[PDB]
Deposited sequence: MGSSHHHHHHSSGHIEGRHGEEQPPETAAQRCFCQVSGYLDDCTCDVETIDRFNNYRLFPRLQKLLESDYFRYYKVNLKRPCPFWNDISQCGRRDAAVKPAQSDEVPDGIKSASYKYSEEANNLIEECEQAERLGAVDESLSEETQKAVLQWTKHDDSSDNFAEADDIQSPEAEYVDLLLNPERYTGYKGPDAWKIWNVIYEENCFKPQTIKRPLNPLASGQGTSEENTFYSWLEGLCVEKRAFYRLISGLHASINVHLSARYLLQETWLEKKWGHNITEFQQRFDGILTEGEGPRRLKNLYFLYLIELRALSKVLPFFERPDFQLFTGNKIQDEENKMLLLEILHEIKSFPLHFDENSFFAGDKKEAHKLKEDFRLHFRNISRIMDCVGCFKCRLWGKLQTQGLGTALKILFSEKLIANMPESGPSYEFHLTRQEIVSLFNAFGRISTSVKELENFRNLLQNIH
């Protein structure tokens, strides 16, 4: 049995890795991955064109890095129709020119982009700088650190496992680059920092995994619908998602009643609000990122994380779920939902990746 303590003071999870490795890598993976190619999930809405609101740049750019960081914006004629049906259908419900257009994630896997050096380092510094809570002055929450660190790790993991290994003037080979993984993660080479960083990825992973288990209800109500064009998979996909959320629930994970997601009024609230606040800044930050694929996955993976927390805060709010009625109390836009499973999906992939790495490193 796993066990997570998120009091805010010292936050951590005592939990066997083989347990998660085994669970995630074999129980969950092929099916989630299946779901993430589902029509409903390959297409994410995003405004990639907002300008940086904290400084200027584009100075210097390297030429191939803009070539790697460029989002393939492509979209089939049919899909083009298909999104309106969504906008439309989606309009007629809970709904509190957006140069946000839908992007195809399968056309845009997260891998090595050549994004590096000062421009990246700055963004990271600024993201971590956002760790700042009322316990009115800043306190750092360890949770935030570990969350963000886990995310950063998942990424450096993806770029590691999905590196552009060879670029003949003809052919391009993408794959696992051990030396990178190792330079960035090996315990010795990093004086134990990498392992920590990996322990942090897992933290994140579990958080999102809990966030999923605690959100199962919202999908259980048969007025909820993964609306796309057809109805068959819309239901096939519906049960899919569900048996996944069911699997997540199966996983023996427990939290200390101490967790600052407990509704101690103002504390829980202030905190929740401190959070949603911080992630908005973060999203804003992504608007200062020139690796457009990086920027995309940034937005995505963070919205997802915010959403996860949103759930993790709405313990109660969800516990009184209109089992037949439509959920006014709590809600999730398509945008958020896509981001939720997707964010979880890259962390889920990252975890998988670590195993490949173990296996190659033998």
**Fill in**
Note to self, deposited ranges with zero CA coordinates are 1-30, 92-127, 163-169, 209-235, 463-465
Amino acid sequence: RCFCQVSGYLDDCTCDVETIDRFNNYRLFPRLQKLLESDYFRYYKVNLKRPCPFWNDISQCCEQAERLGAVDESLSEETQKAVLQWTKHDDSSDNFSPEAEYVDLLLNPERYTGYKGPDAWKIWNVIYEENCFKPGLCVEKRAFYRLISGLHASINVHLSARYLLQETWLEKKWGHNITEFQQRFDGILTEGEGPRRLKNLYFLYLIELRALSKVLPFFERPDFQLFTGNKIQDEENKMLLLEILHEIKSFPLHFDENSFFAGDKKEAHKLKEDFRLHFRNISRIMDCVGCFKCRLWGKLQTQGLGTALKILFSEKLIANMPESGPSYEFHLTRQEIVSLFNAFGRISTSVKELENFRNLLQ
From here on, numbers count along this sequence of modelled residues.
**Request:** Could you check the entry and say whether 42-50 or 320-328 has the higher mean CA B-factor?
**Result:** 320-328
**Item:** Comparing 220-228 with 109-117, the one whose average Cα B-factor in the PDB entry is higher
**Value:** 220-228
**Item:** Selection by C-alpha B-factor (highest) of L68, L35, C62, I337
**Value:** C62
**Of the residues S160, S259, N200, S283, the one carrying the largest Cα B-factor as recorded** = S259
**Asked** Should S250 be placed in the lowest, middle or highest third of its chain by the C-alpha B factor in the entry?
**Response** middle
**Asked** What third of its chain, lowest, middle or highest, does the C-alpha temperature factor of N131 fall into?
**Response** middle
**Request:** Rank-wise, by C-alpha B-factor, drop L271 into the lowest, middle or highest third of its chain.
**Result:** highest
**Lowest, middle or highest third - CA B-factor, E353** = lowest
**Request:** Sorting the chain's modelled residues by C-alpha B-factor, tell me whether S74 ends up in the lowest, middle or highest third.
**Result:** middle
